Amino acid sequence: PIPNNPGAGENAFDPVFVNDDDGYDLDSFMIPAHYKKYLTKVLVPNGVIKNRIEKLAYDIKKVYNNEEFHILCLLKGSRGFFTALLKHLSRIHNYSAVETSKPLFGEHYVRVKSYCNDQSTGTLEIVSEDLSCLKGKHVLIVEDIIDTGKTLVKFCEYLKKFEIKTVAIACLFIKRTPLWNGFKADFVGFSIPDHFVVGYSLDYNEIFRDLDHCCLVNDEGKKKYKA
Amino acid sequence: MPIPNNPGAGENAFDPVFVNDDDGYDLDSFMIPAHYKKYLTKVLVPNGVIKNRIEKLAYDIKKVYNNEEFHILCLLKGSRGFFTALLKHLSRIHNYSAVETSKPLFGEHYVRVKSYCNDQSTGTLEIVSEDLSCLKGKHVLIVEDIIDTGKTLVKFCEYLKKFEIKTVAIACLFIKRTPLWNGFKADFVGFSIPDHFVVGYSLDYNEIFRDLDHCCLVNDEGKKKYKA
Amino acid sequence: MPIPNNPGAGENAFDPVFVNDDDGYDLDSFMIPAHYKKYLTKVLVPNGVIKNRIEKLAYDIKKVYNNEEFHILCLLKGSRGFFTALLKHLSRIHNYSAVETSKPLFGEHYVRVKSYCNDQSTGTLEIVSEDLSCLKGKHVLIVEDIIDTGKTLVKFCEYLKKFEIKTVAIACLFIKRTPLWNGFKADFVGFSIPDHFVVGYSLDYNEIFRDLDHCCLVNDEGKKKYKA
Amino acid sequence: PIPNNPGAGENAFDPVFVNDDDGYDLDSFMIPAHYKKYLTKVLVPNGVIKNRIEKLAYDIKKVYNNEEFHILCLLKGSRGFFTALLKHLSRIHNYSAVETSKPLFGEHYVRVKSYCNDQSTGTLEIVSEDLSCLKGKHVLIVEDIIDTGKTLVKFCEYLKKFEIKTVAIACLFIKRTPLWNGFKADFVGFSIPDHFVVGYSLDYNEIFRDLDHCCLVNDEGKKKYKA
Ligand SMILES: O=c1[nH]cnc2c(CN[C@H](CO)CCP(=O)(O)O)c[nH]c12
Ligand SMILES: O=c1[nH]cnc2c(CN[C@H](CO)CCP(=O)(O)O)c[nH]c12
Ligand SMILES: O=c1[nH]cnc2c(CN[C@H](CO)CCP(=O)(O)O)c[nH]c12
Ligand SMILES: O=c1[nH]cnc2c(CN[C@H](CO)CCP(=O)(O)O)c[nH]c12
Ligand SMILES: [Mg+2]
Ligand SMILES: [Mg+2]
Ligand SMILES: [Mg+2]
Ligand SMILES: [Mg+2]
């Protein structure tokens, strides 16, 4: 059953649970030398993220089977997630494809913006191609992280206007924060503790998007790169 | 060594890999999605060679920019794959040689640009509107998948200029030897390719084939099948 | 569809990718280790294309063996890279389509074999002795990096036969169009290449160049520099 | 300083510590469907292993700098480790190389065998090319795992005969078992709990070498594939 109750996560499998004290020393992995003073520890290594995304793609493929759906990348932060997910989905679909098979997905990009420093401004700006191209489509939203859940409640509310057939959510990280509004995704990678994470395309003020691993920015990093 | 700032002149550009008119590989030489075979004539550039060439391209870029902050601008949707592999190699190269005193090399931007229907330019370019004044006084590197007619870049560079950017240089994965070409050159260029419409590595025919790993030629049956 | 069992005849083998006499790329098209440039003339087959072709080769192998247990035999040292990429793609392909009732596809074996000094065969083959009776009554797939003179395989297949194996088939990454060739054919073959001594992708000149990612031609200066 | 006191690990950095209760559900990652009944959980995902090996290669490169050394792959189980380590070492060395630079390493293969089912037989068989080629060389031994430490004490004892200049050890896993003889490596990936692991080239009776992740074989798997 293709999901279609955004925020409920009706039949979602549990994420990898990342505990409050989980993670690794900066010296356990490769870290850009200059980034090292601004990071407290590695939370989730690049490699686990890729391994986990692979399974998500499989989970997704198993739900949609062969139904055409349309993947929306919520830019800029979900870019890493989205490229990884696409890679894996294509390989899984195309490895099992026969001569009579069909293409599986279309791809679309929406820039979504709300954060200043480490907090939501509680407002939301969006820029995309005209979303009327989604009318009557199965749509899969790909979001790097769910934090307050404001981005998605607000974004999914906007999507209701355009007569989309189904809306489902894939999320890489979900943060256990008391600021969360209850928005659950339908496919979820990791549940993480309440700290601001950078890397794997996630930023603090346009910095760290290039960091391979998901890490916790320390206070000095937050101060140095404050808006 | 200087940062390019003559968009379209490619003043000091290295030669791309030249792909001859007869170059290519049979579909059965490589992995090809089963349903796609009947719509392709051949593999023009394998995924792996594309990736190895993006790697060198990123090294060229780093040899020009050095440690100078620049802003990388992705022309969606077709440049995604190119842009992705480029970020990956640039970061590794920049971050491998980085020292504790170093700083990040680039910012990343996305503009969606559209002009094709089937295998031809409509001659009009749709630019999805975003305020680009964050780029005022910045070095910008445009990342484009392909130069064909050159219309996309001629028009987009006019647009960009109005934002009072410091410099504009162009990274292009493919450049097509078509008579339609208006003469727009890139400053870093992956391959020079024969005049055939290509799909794969994020390049589509009517939203189809983007997921195809290799750069291949769509055949006429596929062009008719997927006509808009 | 049947398991090959005529070592050297390549009875039903698919055609390899043909690399023409003039095929290749300039060293500056790809990443090349700085100290290696002066010893190479050109890139013959980029790393990425090698990898894409091993992928298809593994698919061919799986289309022949299906779910039948077989034993993969790595001819060290030069076949390591080839063997590695082959294991990777075979497992993914086998394990992606696997069901809960499935079983593993293959075992993996290693024999070290040696016969070259500089760029020529000594005409005598050193086989590092191991008891291979674990292979009695088994399908064995030999993985060899290159067929040149064909001496390695002719001799090694004689050796292997004494162990009373069920079948012997050959996977070869490269096969060289040299007049020295004794006619030994493989059953799965990656590329047919011109008659030049090649290095990279685990293939050496006197233990040098194995780490080089691309298959390139060593020049005469490098052959003289590293002469034994 | 190139290490040269095999078993002491004189100046070794601490490994990633993998706790007794650490790991992931089989359903968190891709697992060959048929292997799933024979595995209790994932211990260390493929991706963390690769990320960790990358840093080891860096650690190694930093010690040897530009001195020629010779890498010995202890077959069959250390194959995955060895190929990963080589990949990363070459890229790190060749990325920083200049025109006047030199090749960094030679490579050699030694088959070492001692286990039956999940235990050492307390004997050791070895097959390699003539190790006299190591005379006067810096040698780096690459071993997938240290368990009883019998393989390496015995192997390093054999190497003393051949006038090797230096012997250093790189190890991917070290198991916290009371059966351990005290042999420490000089470069170490992970400290792991006391269970028999499979995957990433590590087997139980030639099975599981192809499993991407490092996992704990369950009792049913041990029984099914008993010698
Ligand atoms: O821990 C973090 N790190 C980096 N970026 C973010 C963001 C910003 N980006 C998120 C959408 O891409 C906001 C999700 P919302 O509206 O539910 O808080 C939130 N949390 C973090
Ligand atoms: O051969 C092709 N294959 C697939 N897509 C395209 C496109 C569509 N996209 C190009 C910008 O990304 C148009 C470039 P222009 O304006 O210079 O002709 C052009 N040629 C090809
Ligand atoms: O062009 C080359 N480059 C590098 N190494 C080799 C070798 C060495 N190794 C080959 C077996 O792996 C010899 C194959 P044979 O006995 O059929 O000539 C042969 N040709 C080349
Ligand atoms: O947990 C495990 N899993 C798989 N294989 C092994 C082996 C077998 N292989 C090791 C050398 O490659 C033995 C190391 P030693 O002599 O110190 O016990 C030991 N432990 C394990
Ligand atoms: Mg952000
Ligand atoms: Mg297009
Ligand atoms: Mg050789
Ligand atoms: Mg074993």
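We name chains A, B, ... by the order of the sequence lines, and we start the count at 1 in each one. For the numbers below, each heavy atom of this structure counts, side chains included, while hydrogens, waters and symmetry mates do not.
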Contact check, side chains of [X] and [Y], non-hydrogen atoms, under 4.5 Å:
X	Y	value
C:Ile50	C:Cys215	yes
C:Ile142	C:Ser79	no
C:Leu135	C:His109	yes
C:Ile175	C:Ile193	no
C:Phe14	C:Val189	no
C:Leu173	C:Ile146	no
C:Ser115	C:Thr152	yes
C:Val128	C:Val113	no

[X]: what forms a side-chain contact (heavy atoms from CB on, under 4.5 Å) with it, not counting sequence neighbours?
X	result
C:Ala9	C:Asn6, C:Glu11
B:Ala58	B:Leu86, B:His89, B:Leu90, B:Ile93
C:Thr149	C:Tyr116, C:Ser121, C:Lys151, C:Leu180
C:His139	C:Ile3, C:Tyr65, C:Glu68, C:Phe70, C:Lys166, C:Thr167

Minimum heavy-atom separation for [X] to [Y], with atom names?
X	Y	answer
B:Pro46	B:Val43	N-CG1, 3.9 Å
C:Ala13	C:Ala186	CB-O, 3.5 Å
B:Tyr201	B:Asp213	CD1-O, 3.7 Å
C:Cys157	C:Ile170	SG-CD1, 3.9 Å
C:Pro194	C:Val19	CD-O, 3.5 Å

[X] atom [atom1], over 12 foreign heavy atoms within 6.0 Å:
X	atom1	result
C:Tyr59	OH	no
D:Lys87	NZ	no
C:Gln120	CD	no

Mind checking what makes side chain to side chain donor-acceptor pair (under 3.5 Å) contact with [X], not counting sequence neighbours?
X	result
C:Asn219	none
C:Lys138	C:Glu69
C:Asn67	C:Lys62

Could you walk me through whether B:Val198 and B:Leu217 pass side chain to side chain contact (heavy atoms under 4.5 Å, CB included), step by step? CA-CA 5 Å; B:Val198 292; B:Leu217 321 194; 3.8 Å; yes
Pairs touching residues 45-55 of chain B that satisfy salt bridge (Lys or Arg N to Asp or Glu O under 4.0 Å), sequence neighbours left out: none
All pairs passing salt bridge (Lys or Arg N to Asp or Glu O under 4.0 Å) where residues 169-182 of chain C contributes a residue, at least two apart: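 Residue pairs with at least one partner in residues 169-182 of chain C: C:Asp21-C:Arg177, C:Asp148-C:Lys176.
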Under 30°, 30 to 60°, or over 60°: which ring-plane class applies to D:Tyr109 and D:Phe82, parallel, tilted or perpendicular?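 Judged by the thresholds at 30° and 60°, the geometry between D:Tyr109 and D:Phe82 is perpendicular.
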Tell me if a side-chain donor or acceptor on [X] pairs with a main-chain N or O of [Y] at a distance below 3.5 Å.
X	Y	value
A:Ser96	A:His93	yes
C:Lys185	C:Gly183	yes
C:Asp119	C:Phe197	no
D:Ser90	D:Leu86	yes

Tabulate below the donor-acceptor pairs under 3.5 Å that side-chain atoms of residues 202-209 of chain B make, not counting sequence neighbours, or state none.
| residue | atom | partner | partner atom | Å |
| --- | --- | --- | --- | --- |
| B:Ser202 | OG | B:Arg80 | NH1 | 3.0 |
| B:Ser202 | OG | B:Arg80 | NH2 | 3.4 |
| B:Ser202 | OG | B:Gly81 | N | 3.0 |
| B:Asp204 | OD1 | B:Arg210 | NH1 | 3.4 |
| B:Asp204 | OD1 | B:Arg210 | NH2 | 3.4 |
| B:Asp204 | OD2 | B:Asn206 | N | 3.2 |
| B:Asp204 | OD2 | B:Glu207 | N | 2.7 |
| B:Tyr205 | OH | B:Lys223 | O | 2.6 |
| B:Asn206 | OD1 | B:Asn118 | N | 2.8 |
| B:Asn206 | ND2 | B:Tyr226 | O | 2.9 |
| B:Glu207 | OE1 | B:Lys77 | NZ | 3.1 |
| B:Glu207 | OE1 | B:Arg210 | NE | 3.4 |
| B:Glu207 | OE1 | B:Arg210 | NH2 | 2.7 |

Starting at [atom1] of [X], measure out to [atom2] of [Y] and round the result to the nearest 0.5 Å.
X	Y	atom1	atom2	value
C:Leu76	D:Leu75	CG	CG	6.5 Å
C:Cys172	C:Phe184	SG	CZ	9.0 Å
C:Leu73	C:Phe106	CG	CZ	13.0 Å
A:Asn94	B:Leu212	CG	CG	8.5 Å
B:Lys63	B:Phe188	NZ	CZ	12.5 Å

Taking salt bridge (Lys or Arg N to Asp or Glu O under 4.0 Å) as the definition, give me every residue that meets it alongside C:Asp23, ordered by chain and number, with sequence neighbours left out.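 With sequence neighbours excluded, C:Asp23 shows a salt bridge (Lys or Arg N to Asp or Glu O under 4.0 Å) to no residue whatsoever.
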Mind jotting down which residue pairs meet the side-chain hydrogen bond (donor to acceptor under 3.5 Å, both in side chains) criterion with at least one end in residues 35-49 of chain C? Sequence neighbours excluded, please. C:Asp28-C:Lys37, C:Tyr36-C:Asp211
Take C:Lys224 and C:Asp220 through the test salt bridge (charged side-chain N to carboxylate O under 4.0 Å, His left out) and record every step on the way to the result. CA-CA 6 Å; C:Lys224 173 176 183 167; C:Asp220 288 339; over 6 Å; no
For the ring pair C:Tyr25 and C:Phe30, is the centre-to-centre distance below 6.0 Å? yes
Run the numbers on B:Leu40 and B:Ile32 for side chain to side chain contact (heavy atoms under 4.5 Å, CB included), then give the verdict. CA-CA 10 Å; B:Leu40 305 177; B:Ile32 303 284; 4.1 Å; yes
Worked verdict on B:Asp26 versus C:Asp15 for side chain to side chain contact (heavy atoms under 4.5 Å, CB included): CA-CA 10 Å; B:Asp26 163 70; C:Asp15 282 5; over 6 Å; no
Pair B:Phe174-B:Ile147, side chain to side chain contact (heavy atoms under 4.5 Å, CB included): steps then yes or no: CA-CA 6 Å; B:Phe174 307 103; B:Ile147 287 164; over 6 Å; no
